[PDB]
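Encoded as structure tokens, the structure appears first; notes follow it.
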Amino acid sequence: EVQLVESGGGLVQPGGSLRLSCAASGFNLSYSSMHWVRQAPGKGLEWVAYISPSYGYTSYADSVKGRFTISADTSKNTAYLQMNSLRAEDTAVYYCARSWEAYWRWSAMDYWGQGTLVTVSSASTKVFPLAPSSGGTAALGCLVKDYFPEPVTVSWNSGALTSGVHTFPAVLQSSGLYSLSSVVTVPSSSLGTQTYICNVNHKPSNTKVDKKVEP
Amino acid sequence: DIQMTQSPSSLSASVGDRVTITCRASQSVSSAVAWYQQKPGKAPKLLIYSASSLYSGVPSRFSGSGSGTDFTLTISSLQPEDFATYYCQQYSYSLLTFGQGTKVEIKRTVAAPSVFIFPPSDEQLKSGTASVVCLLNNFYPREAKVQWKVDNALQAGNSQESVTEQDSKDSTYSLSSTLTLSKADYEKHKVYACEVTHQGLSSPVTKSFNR
Amino acid sequence: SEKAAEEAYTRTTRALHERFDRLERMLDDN
């Protein structure tokens, strides 16, 4: 089974160190070669590094060189990415990909892991309703504010009926906390007559906030 | 040092449609190019290497072209599972480079948003902060626009938009725009509006309140 | 003694490799 699995991704303060690994199977990593590529939240692909173990060859992207180091262990058939001096902009999902040939220029990146997320900020420190009153049937919500880190969990009634409903990708505020909202379109002459209850969760620190809405 | 200029940034198309994505390498990269496909929350998948060599397993509908330094990815007919974004890459230089991405979305109609403005809670006014919302619900296409307005005066620079991806059901969107400032900054003006312009609306829909 | 010899032969290694790249490119554009 020729697969790629990547891990070691987590949260680290700026200037910290992390160190990723990419477990290789179903081929001989040493007979061939690898790449780490990465993806800042909501952006494009970015090449990070490469290695041909049996050429003892390694190469880097300028935006590192001197903070990251890429390696291999033949025993474990494994690749490593040692990142020191991590910044917030080094924040990104990091992937592996194999390259079937033994030098970066003779092949493209055929196989790829699932990518592990690396969030980097300097604080973990960490709600409200949005009441009902375009379309013809009003809408209401549940602004979820100032929590860390990613992500949250916003059902309604524990999901015993939920359609026409939207949880927005969170957005990063200058303060370093995220914020997203959930919203549901619900009929206009059907105000406050049966149920309509927001249900929230936040793993990292324990939370399951139930909230109500209306004039 | 080698830029790959991708085009277009986004593109709407229908099942059966033949689509073409282009990439201008800023200097000869001679055939050492690949195209990748990426679905949200998933790894990229290699489609074409060597500027036009079908990767094994990839559907023969996918295809790559190259003309000196312009590269085209063609999809002869466009099936459901092919809605995604696609990236070219050069690997002719030791600094590998990727293009910025083209989003390939489903071309359905011209349907218009439900707009709602939501007030900052009396609760959140008790923490010193003030957050106004503006909901653009269920629409196509994505090109839209919110103007956060206060007392007929568009004060913006303190607001951010979030958007859903095309949903599975009516493949529409949903936008969220939030506006933020002090409890002070809030307690000075009394009218608060967001007007939305969109090809589904004959003329922009203003939506407002007075706390 | 340290990275002195080890980091040198590294540039030198990469230098050479960078030359071969040069060649592959100039064949591939004929």
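Residue numbers (the authors' numbering), protein chains in the order written: chain H, 1 to 126, 133 to 139, 144 to 225; chain L, 1 to 211; chain K, 129 to 158. Backbone N, C-alpha and C define an ideal beta-carbon position, used for all residues, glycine too.
{"Query": "Using a Cβ-Cβ distance cut-off of 7 Å, determine whether L:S26 contacts chain K.", "Result": "no"}
{"Query": "If H:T116 sits next to H:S7, beta carbons under 8 Å apart, how far is it from one beta carbon to the other, in whole angstroms?", "Result": "5 Å"}
{"Query": "Three or more beta-carbon pairs under 8 Å between the segment 174–186 of chain L and the segment 145–156 of chain L, yes or no?", "Result": "yes"}
{"Query": "Tell me the rounded alpha-carbon separation between H:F27 and H:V2.", "Result": "6 Å"}
{"Query": "Using 7 Å as the limit for Cβ to Cβ distance, is H:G44 near chain L?", "Result": "yes"}
{"Query": "Chain B partners of K:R153, CB-CB under 9 Å?", "Result": "Of the chains in the structure shown, none is chain B; the protein chains are H, L and K."}
{"Query": "On the three-state DSSP scale, how would you describe K:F148?", "Result": "helix"}
{"Query": "Would you identify the three-state DSSP class for L:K183, choosing helix, strand or coil?", "Result": "helix"}
{"Query": "Return yes when the Cβ of H:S198 is within less than 7 Å of the Cβ of H:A148, no when it is not.", "Result": "yes"}
{"Query": "Can you tell me whether L:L78 is buried or exposed? The criterion is at least 16 other CB atoms within 10 Å of its CB, across all chains shown.", "Result": "buried"}
{"Query": "Near L:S9, which residues of its chain fall below 8 Å by C-beta distance, leaving aside the five closest residues on each side in sequence?", "Result": "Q100, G101, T102 and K103"}
{"Query": "Please report the distance separating the alpha-carbon of L:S12 from that of L:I75.", "Result": "13 Å"}
{"Query": "Output needed in chain order: residues of the segment 192–209 of chain L with a Cβ under 8 Å from some Cβ in chain H.", "Result": "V205 and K207"}
{"Query": "Can you confirm whether H:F178, when its beta carbon is compared against all beta carbons of chain L, has any partner nearer than 7 Å?", "Result": "yes"}
{"Query": "Cα separation between H:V219 and L:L135?", "Result": "22 Å"}
{"Query": "At which residue ranges does the segment 95–127 of chain L contain complete beta strand (DSSP E) runs of 3 or more residues, listed in the order of the chain?", "Result": "102–106 and 114–118"}
{"Query": "Specify, as a first and last residue, the run of the beta strand (DSSP E) that H:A97 falls within.", "Result": "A92 to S99"}
{"Query": "Which chain K residues sit within Cβ distance under 7 Å of H:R105?", "Result": "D149 and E152"}
{"Query": "Express the C-alpha separation of H:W112 and L:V15 in angstroms, rounding to a whole number.", "Result": "28 Å"}
{"Query": "Please specify which runs of the beta strand (DSSP E), each continuous and at least 3 residues long, are wholly inside the segment 167–199 of chain H, giving them in chain order.", "Result": "175–177 and 188–195"}
{"Query": "In the DSSP assignment, what residue or residues form a beta bridge with L:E195?", "Result": "L:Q147 and L:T206"}
{"Query": "Taking 7 Å as the CB-CB cut-off, is H:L117 touching chain L?", "Result": "no"}
{"Query": "What number of angstroms, rounded off, separates the C-alpha of L:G68 from the C-alpha of H:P214?", "Result": "52 Å"}
{"Query": "With three or more beta-carbon pairs closer than 8 Å as the criterion, would you say the segment 120–132 of chain L touches the segment 31–41 of chain L?", "Result": "no"}
{"Query": "Once DSSP output is grouped into helix, strand and coil, what is the label at K:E130?", "Result": "coil"}
{"Query": "Tell me, please, whether the segment 56–67 of chain L touches the segment 104–118 of chain L by the rule of three or more beta-carbon pairs shorter than 8 Å.", "Result": "no"}
{"Query": "Express the C-alpha separation of L:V191 and H:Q204 in angstroms, rounding to a whole number.", "Result": "32 Å"}
{"Query": "Excluding sequence positions up to five away, which residues of its chain have a Cβ less than 8 Å from the Cβ of L:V19?", "Result": "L11, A13, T74, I75, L78 and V104"}
{"Query": "Hey, how far is the Cα of K:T138 from the Cα of L:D70?", "Result": "35 Å"}
{"Query": "Report the three-state DSSP secondary structure of L:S9 (helix, strand or coil).", "Result": "coil"}
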